[PDB]
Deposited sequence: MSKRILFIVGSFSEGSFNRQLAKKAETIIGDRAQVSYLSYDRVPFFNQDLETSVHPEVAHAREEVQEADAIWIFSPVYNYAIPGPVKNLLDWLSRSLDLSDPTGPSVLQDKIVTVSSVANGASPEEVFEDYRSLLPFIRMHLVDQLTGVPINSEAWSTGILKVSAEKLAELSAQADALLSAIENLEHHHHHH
């Protein structure tokens, strides 16, 4: 198996990247995890679609080679992080320039999401968008809050109950890929 991890943060100590490391570990060898680098991607715009952008061609293959995708992203003002939406705006484009209404690399891709923040409304955005751009959303999303100690140690601590959700979520994702 192959699972691509996408972190909605570019910082090295992100609480969501830390959650992503724990997820990568709870699956261990059941699947080959890898992280997507998209630090630099052109601002999307239609007039540029006839042009080749390396960073975009890159992400496209990574998603094409992957069996599934797991997004660990923070929420900014209740929404999907800008850089993530912009990435999806490119990945959701038709693979054929002859056929604007054709399928993108996201067609039927199994995907699921986890986030580390404090909100009621956390995954509403993703639940509506990911399925709309033709992906298959494993709707077992784990939302993890931030322990008040992490604010000074910079280290995220997850309860055992939440850690259970995350492992079950990793299991639901492995089964979907199985079926």
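Annotation: deposited residues 1 to 2, 123 to 125, 185 to 192 are not represented by C-alpha coordinates in the model.
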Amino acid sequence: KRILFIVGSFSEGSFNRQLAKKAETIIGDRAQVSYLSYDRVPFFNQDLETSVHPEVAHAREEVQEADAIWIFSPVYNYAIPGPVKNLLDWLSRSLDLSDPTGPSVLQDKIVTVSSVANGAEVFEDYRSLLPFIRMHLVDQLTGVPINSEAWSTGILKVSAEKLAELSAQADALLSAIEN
From here on, numbers count along this sequence of modelled residues.
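The mean C-alpha temperature factor is higher for 142 to 150 when 41 to 49 and 142 to 150 are set side by side. Taking the mean C-alpha B-factor of each stretch as recorded, 162 to 170 and 9 to 17 are not equal, and the higher mean is that of 162 to 170. Within the listed group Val113, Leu130, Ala57, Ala117, the record reports its top CA B-factor for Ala117. Ranked by Cα temperature factor within the chain, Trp70 sits in the lowest third according to the deposited record.
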